[PDB]
Amino acid sequence: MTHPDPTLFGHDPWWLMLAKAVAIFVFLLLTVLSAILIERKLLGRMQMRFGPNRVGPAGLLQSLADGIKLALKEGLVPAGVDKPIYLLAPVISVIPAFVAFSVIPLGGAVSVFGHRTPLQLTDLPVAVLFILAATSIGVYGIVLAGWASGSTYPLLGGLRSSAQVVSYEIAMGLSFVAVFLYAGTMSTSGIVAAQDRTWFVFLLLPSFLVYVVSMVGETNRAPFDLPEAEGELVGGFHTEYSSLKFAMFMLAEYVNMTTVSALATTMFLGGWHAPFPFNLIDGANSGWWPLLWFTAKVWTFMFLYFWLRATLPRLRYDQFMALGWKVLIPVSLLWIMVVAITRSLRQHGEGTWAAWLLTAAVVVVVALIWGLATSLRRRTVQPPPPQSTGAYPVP
Amino acid sequence: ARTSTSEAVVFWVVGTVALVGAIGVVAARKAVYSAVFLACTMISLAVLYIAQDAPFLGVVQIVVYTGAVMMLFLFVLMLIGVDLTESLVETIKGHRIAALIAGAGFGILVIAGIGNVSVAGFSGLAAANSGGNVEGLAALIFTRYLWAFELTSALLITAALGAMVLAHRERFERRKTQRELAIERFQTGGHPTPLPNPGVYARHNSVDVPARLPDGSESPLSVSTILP
Amino acid sequence: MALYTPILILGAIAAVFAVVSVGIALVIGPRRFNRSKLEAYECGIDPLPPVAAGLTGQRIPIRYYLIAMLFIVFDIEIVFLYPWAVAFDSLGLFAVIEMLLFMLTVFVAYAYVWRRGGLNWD
Amino acid sequence: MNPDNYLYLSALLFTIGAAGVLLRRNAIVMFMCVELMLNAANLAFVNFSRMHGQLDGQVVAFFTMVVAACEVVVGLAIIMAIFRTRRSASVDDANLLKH
Amino acid sequence: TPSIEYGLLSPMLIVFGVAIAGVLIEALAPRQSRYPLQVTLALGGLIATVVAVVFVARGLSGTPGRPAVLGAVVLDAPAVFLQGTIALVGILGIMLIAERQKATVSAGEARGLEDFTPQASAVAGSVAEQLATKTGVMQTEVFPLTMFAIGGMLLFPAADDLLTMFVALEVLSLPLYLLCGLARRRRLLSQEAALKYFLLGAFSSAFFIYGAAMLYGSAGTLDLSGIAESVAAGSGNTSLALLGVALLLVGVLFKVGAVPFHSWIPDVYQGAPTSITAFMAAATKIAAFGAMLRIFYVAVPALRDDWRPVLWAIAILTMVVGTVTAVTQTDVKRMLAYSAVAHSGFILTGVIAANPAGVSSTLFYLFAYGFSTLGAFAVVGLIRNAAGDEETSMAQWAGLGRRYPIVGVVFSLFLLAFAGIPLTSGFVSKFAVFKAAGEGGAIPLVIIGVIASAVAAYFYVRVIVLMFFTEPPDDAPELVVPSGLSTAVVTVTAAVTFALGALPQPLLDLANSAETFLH
């Protein structure tokens, strides 16, 4: 009915909701450790290597080793930095990263210590935009870190972060529109419930693709990776940062990856609902199994991140902004129309017309985008004219 | 009228942050500090909106003002300076005192005009938000205020047109492409072939150091003309 | 209060974690003053004499300023879709047509910007 | 807490924003102060909407946000145009029209 | 579903659709054809609008107006009268805006006679600007912007809700902010004018919205009729109502140009393009005073005893400071701006009347004065120095009439209309407003306005002295026609100014019929 369901949310006792908050925080910490370790090992495998397999049994302690080493490493405060904002920027990056995850549905209702509570820290009438707002706040961490370092390379990194925001944020926002249309709510729990019949990834594929591209953009991950851009700006924004300040920038990056992958899972992959091979199994969607399914989907998205990093080079941030504004935003807006018209027609019994329009629309878009990829980006040009340098004779 | 003590504490802390943020926006000597304080004020006001049973409004505030303050910070770097510290010395004789007096008087008079209002009754918004705050906002926007909603499109078009007319530069001044610059009698590489690097000395290797010509004089071309 | 105090608790946990992490950075591990260490990283080259010109005491032009200005308005405008999207079923055909007209107006603006080279530069 | 406090805060914020427009030469800071003024108006609208048990004030706050964004963009365009010629973003620099 | 009165909204709908279509022309029309379509689209679009208005007027011969969009818009007789006035003034202003260079050997005439720089983003005097001028390029995006301004202004009198009124204020303000900075000549002054106008307009609009918030808190409603019901029934706070009325008055007074808020008008009118200044000084004044009329005759009549004393002072100041400051002015455009301030004061005297005679007098005053101001500024735009810049230095106008008797006589007619001499629409106009004020118990305002008019006649007459009684200087300016559109605008404006002076009962019956707002 109404989402968030008042019979489930807003009733956890102080101790239980504190326990859920601590559990979510610890889950994010463990997931960040695992994300780093598994990413390094998977990059190794995709590059025929083994990755960390010596620091602890099978390298399990490598991520913890790196974290504690950064803790045990000198905390630099370079001269010429805007010290207050320079020290705050890591905190500004971190806090929203954790906050955003508060409205992620990790599972359905479950009974713990005699209380029926959602396997979810909380839910809001506007939860998805709450996540978007938290992530948007988080980018000020990157930008102010770049600016406050008082050096050229961090400044360029922060400027690239701002450009990346301009590139991806509107597309991210427009991606949620179709999800809301089909779910009829902004609550994450309501969106998950709306996907009981089918996952929105099948229904809202263009929205899913735009959102995924915007996810990779938001997390400053390859092939976008612009604010860091190791090969270009040395360290990008987090240059001039060392020890746990850099550690916290990277922690915020990975927590953002996890949060936005979980948001993708919630909005498109049916949240915590069991996949088809397990959906037929009784009790799979109940109890603590939804946690397993949600983690599996989130980690498939993490695998997508790692695979993109291993396979693709990084775009120029002008090219990323061109992708955002000439492809992503127009595609998402056309899809928003198409979806609205389709749903309105279906609600009025038009039937076949919608089934036509939708297909035609996508048939057009994939062609038109192809043009931008092949026609607009012409691969021919005229020869240059000679000059005083007495050029040789060409073949 | 009274609000929940939790809401009272939320208001006190968050509105203290918002007031301090506005004061910083007005008083910060670095424009970037002003932008950061504006972001703080906007986020605090969003939290207050949430506290006042306007969740959608607060969240949208956070999102759009995060974007807008980011853009304003970009324009601060572009037009004022990366870390320029403004003087804030009154350039108009007696204007500072007069402005402070006028501001204080206006604020005092506005507060006096407001007086006690909630004493006249304070309806709980729970009745309206019942059925969804966003649902109610949608019902009002597209039924009672669809005209203003549509006119916001005219506002957007006017903003875009102004940007395109005043800020967008055109062909007569488009920067030369790397291909264009390379092809200028082969200017880029053969016309003063890549300029001599800044001189490298023991105790000095920065880009501001000119190179030494054979006669012992500093080569002008070694150091970029902009550098002091 | 409910439905938000969990967010407040998680935010408190995260803020304590982050501030304590900064404190640990500053307080755990060796600390040794060194002027070369503290000065700005410049790929190993000496930082420019402090002064101020053509950078920190100057401005860094962004060549996508136009797209930033457009981003402001477009971001603030699209948020109309969210209440429309959520209440779509309840509003009915009239609201669908109204939002389609609004979206077509936004499309006219976008097309004018795009076709007149507004999305050029960075 | 008495809800009317929210209005006083707005009255302060608006006031501060007004003072900012008088005190700061930078055009961008002037835009920030105008945004402060409009958001103080939004806070007053939200408080009154809560007071009257209806969402109309919230809708007005939304529309004020739209107006603030559009006005900021137009002001930024004007300031770009001025700066490209004068290489300055100070309001006091545009002093030619006088007396 | 919400019933939409498209017929009633046909005005402002033609205009906004035409503005959108003009933006489409900018987007996807070849350069060489952009201006012919835009001017064809703009002018025709306004002509249609005018027709729509009269049709709506006929529709209103029955019920005394009606809401259109479930509130938020009301087309009553005052609203339709003001919308027709604004449509006509917009037609004339666009005819001014579309004027190109008179002629040249090269075909690249670039809408310059209308003072519009070929590329506003180009640096003033830069090689890019010179090259753009030589190539004959010109930013036709001006025409859509104007439409939007007209659109917003057309809505501003008709807005029946605070939110819609605020949105219309912004919609008309932003295009004007942009247009004030597009002057072809003296680009530095035009950019300064645009910046000043933007800053002060944003300031005033912030005050406007804060006042709307105060009013909403007092009455718990945004509809003007609802606020009237709240204040009359005493259910409101009655302090927030007054504070909101004051803060809203701040915005509307800024738009009309009262002395506490007039300072922007001189600089903006001097710096802005002459055609844009001519169009704006009429249309914006008309729209702002229409909104003020709706506020003070629909929204808050009950608090007349509370806000009437304030307006008095404003009006008084506006009549005194507006006129006295004009006495020593040496610039024609700046002097006309101060005249606009003083005439805002004269309008406010009639608005204070708080009687149907006040509404009729204000409507007629706005019509006649919008026409007169548009014509005066159009004529000012034709006086060109040797360098080609609009010769506004009043001393340089010496002997101008002795060289151009037709234009000199037309400008003298406009000046005497501003001074309020009988046999000019300006006198009938001033008499209407002062009569309304006297009937409304404000005869002290009538006396003060009479003294202010006596003062202002001096600086209105000094121009005629220089034009006709003085010999031309050696380097005296010359007229640039420059095309049929400008001549048509000047002729129509002078003809209206003379006819409404000699034979005012036409359109005065129309103003009388528009004495009643829909409550």
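A, B, C, D and E label the chains in the order they appear, each numbered from 1.
One rule holds in what follows: a residue touches a chain if its C-beta (ideal position, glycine included) is under 8 Å from a C-beta of that chain, and two chains touch if they have at least 3 such contacts.
Labels paired with UniProt names: A = NADH-quinone oxidoreductase subunit H; B = NADH-quinone oxidoreductase subunit J; C = NADH-quinone oxidoreductase subunit A; D = NADH-quinone oxidoreductase subunit K; E = NADH-quinone oxidoreductase subunit N.
Chains touching both chain C and chain D: B, E. For the interfaces B-E and C-E, the C-beta contact count is higher for B-E. Chain geometry summary: the mean Cα position of chain C and that of chain E are 40 Å apart.
Between the CA-based centres of chain B and chain D the separation comes to 12 Å, rounded to the whole angstrom. Chain centres here are Cα means. That of chain A falls 15 Å from that of chain C. Counting partner chains per residue, chain B shows two or more touched chains at residues 7, 56, 60, 63-64, 67-68, 71, 74-75, 77, 79-80, 82-83, 110, 114, 117, 132-134, 137, 141, 143-146, 148-150, 152, 154-159, 161-168, 170.
The set of chain C residues touching two or more other chains comprises 4-5, 42, 55-56, 60, 62, 65, 68-77, 79, 82, 86-87, 93-94, 99, 105-106, 108-109, 112, 116. In chain E, the residues that reach two or more other chains under the touch definition are 2, 20, 23, 26, 120-121, 163, 167, 170, 174, 177-178, 181, 214, 217. Of all possible chain pairs, those that touch are A-B, A-C, B-C, B-D, B-E, C-D, C-E, D-E.
Taken in their complex, chain D has these residues touching chain B: 1-9, 11-20, 22-29, 31-33, 35-36, 39, 42-43, 46-47, 49-56, 58-59, 61-63, 65-67, 69-70, 72-74, 76-81, 83, 89, 92. Per the touch definition, chain B reaches chain E in the complex via residues 110, 113-115, 117, 120, 143-148, 150-152, 154-155, 157-159, 161-162, 164-170, 172-173. Of all residues in chain A, those touching chain C in their complex are 4, 9-12, 17-18, 20-22, 24-25, 70-80, 87, 90-91, 94-95, 97-99, 101-103, 121-124, 129-130, 149-153, 155, 159, 163, 166, 169-170, 173-174, 176-178, 180-181, 184-186, 234, 239-240, 242-245, 247-248, 317-318, 321-322, 325-326, 329-330, 333, 336-337, 340-341, 343-344, 347-348. Those residues of chain E that touch chain D in the complex are listed here as 120-121, 123-124, 162-163, 166-167, 170, 174, 177-178, 181, 187-189, 191-196, 198-199, 202-203, 205-207, 209-210, 212-214, 216-217, 220-222, 266-268, 270-271. The touching residues of chain D, when paired with chain C in their complex, are 62, 65-66, 69-70, 72-73, 76-77, 80.
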